[PDB]
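Structure record follows, encoded as structure tokens.
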Ligand code: HEM
Ligand SMILES: [Ca+2]
């Protein structure tokens, strides 16, 4: 149920050029996980019942960066600002979603389709919509299913975003990477979740919740067995996340 907007040829050209510049920058600075986190924190505030929040460029505002879940993302916004300045025609909304797509590509992940045309909105959403790492399955369905409108499959596939990056005790309080190879986008998140706790590696309560829910667990097992199936489901879920509230039929 998407009807994407028309954008000018100049807009399209800037998208193409920004994608290239983002690849080089993200690779050089080793910041793919942070850019994926930025894209996710931008989009995951959407509430389908009120049509508020979502990937509309608001995360750059001080009021939204002040949300406690957003500890550390001020760094991401500042890192990208000089590059955004080379592409004045793009919305911030598009630019941050494009950075998220590129972060997955450059770490070896699937090619997530991208459609331009998000408009920047003035008003940030209220604090509190992003999921709590200490809660379990019911909470995950309330946030991704009831608020965002994604499926059970999308929840499990998107949790695999933790295959890259790490938590920090100065940001969330949790500490360490989920995988041995935190700059490579692979299915290691799921093989680690299955094999249990291992000193040096993180599992959040929210990650463990996938192991004991009757619907999530068979999807974990599938993605741990079959990286290609993970990639296909991941790309569909990321595209839906990046488009919440946008171009809805
Ligand atoms: C399912 C619920 C989720 C919860 C509760 C959650 C929670 C967290 C927490 C607590 C952190 C650590 C922040 C820090 O201390 O630096 C984190 C990091 C991260 N999250 Fe998730 N997250 C979830 C879903 C997602 C999704 C859907 C994505 C993307 C598709 C994502 C991508 C990431 C990445 C890449 C990092 C690492 C950032 C870095 O290395 O600096 N997360 N998340
Ligand atoms: Ca990995």
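FRET efficiency for residue 75 and residue 20, Cβ-Cβ distance as r, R0 = 22 Å, nearest 0.05? That pair, residue 75 with residue 20, gives E of 0.45.
If we count other beta carbons within 10 Å of each Cβ, what is the order of 59, 184, 164, fewest first?
Working: 59 25, 184 14, 164 28.
Listed from fewest to most nearby Cβ atoms, that is 184, 59, 164.
For a modelled paramagnetic label at residue 11, 7 Å from Cα along Cα-to-Cβ, the residues of segment 105-139 in reach, with backbone nitrogen under 15 Å, are 114-121.
Computed from the C-beta positions of residue 222 and residue 3 and an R0 of 30 Å, the FRET efficiency is 0.40 to the nearest 0.05. Our estimate of slack between residue 184 and residue 68, defined as 0.36 nm per intervening residue step minus the Cα-Cα distance, is 39.0 nm.
One Cα centroid belongs to segment 190-249, the other to segment 80-95; the line between them spans 30 Å.
A straight chain from residue 208 to residue 151 at 0.36 nm per residue would run longer than the Cα-Cα distance by 18.7 nm.
Arrange the following residues from fewest to most other Cβ atoms within 10 Å of their Cβ: 135, 208. Write down the numbers at each step before the final one.
On the way: 135 15, 208 12.
With the fewest neighbours first, 135, 208 line up as 208, 135.
What order, most packed first, do the peptides 227-240, 36-49, 2-15 have when packing is the mean number of other Cβ atoms within 10 Å of each residue?
On the way: 227-240: 19.1, 36-49: 22.4, 2-15: 11.9.
Per-residue Cβ counts within 10 Å, averaged per peptide and sorted highest first, yield 36-49, 227-240, 2-15.
Given the -39500 (n - 2.57) contribution per DSSP H run of 4+ residues, what per-residue ellipticity at 222 nm results for the chain, rounded to the nearest 500 deg cm²/dmol? It would help to have the intermediate numbers written out before the result.
Numbers: 11 runs with 118 residues, N = 249.
Helix-only estimate at 222 nm: -14000 deg cm²/dmol.
Could you work out how much longer the chain between residue 248 and residue 169 gets when fully extended? Use 0.36 nm per residue separation minus the Cα distance between them, nm to one decimal.
Computed gain between residue 248 and residue 169 is 24.6 nm.
Take the Cα of residue 30, step 7 Å along the line toward its Cβ, and report every residue of segment 73-116 whose backbone nitrogen sits under 16 Å from that point. Within reach of a label on residue 30: 107.
The numbers here are math on the coordinates, done by the rules we state, and not lab data. Cβ sites come from the backbone with ideal geometry, for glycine too, and all protein chains shown count toward neighbours.
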